[PDB]
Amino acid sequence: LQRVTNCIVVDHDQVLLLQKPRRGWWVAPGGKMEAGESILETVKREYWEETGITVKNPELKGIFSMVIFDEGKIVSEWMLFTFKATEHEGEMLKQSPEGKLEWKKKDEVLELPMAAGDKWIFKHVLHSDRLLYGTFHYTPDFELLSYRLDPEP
């Protein structure tokens, strides 16, 4: 059971995102917690490892249980912690080993190809400073079977 963090960094009405190779899906940058770290330490380190950018005061906004559901039972599960930040320092790296980095225009973000549960998270976090708690059930190919979000969309 892994623990993943990512950050959504908004600056001049744009959002720093990463597109997976081969015209794959768009994600917020981040990565896995290392033993002994707090979630705050992880997101600053992982984010910077992946983007070259230091985020100034990231704040937690989303806590999610991610479930892979198959043949009627839970077969995998991890945790995702989504931060938000508005201030940052450093130059964006052209390429990351996970994909290409791009500032996207805020109001275009919800039209990009992304896992369905990400869309809901982005829809709350892009427009609210409230905390979001949730569960997403996916099939092994990452088709959304269902979700529980609190507060509801």
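We number the residues from 1 along the sequence you see.
The maximum CA B-factor among the listed residues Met92, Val27, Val43, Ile63, taken from the PDB record, is found at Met92. Ranked against the other modelled residues of its chain, the C-alpha B-factor of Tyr138 as given in the entry falls in the middle third. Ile39 sits in the lowest third of its chain by CA B factor, as recorded in the PDB entry. For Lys105, the recorded CA B-factor ranks within the middle third of the chain. Only modelled residues enter the ranking. In the PDB entry, a CA B factor belonging to the lowest third of its chain's modelled residues is recorded for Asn6.
Compared with the other modelled residues of the chain, the Cα B-factor recorded for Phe122 ranks in the middle third.
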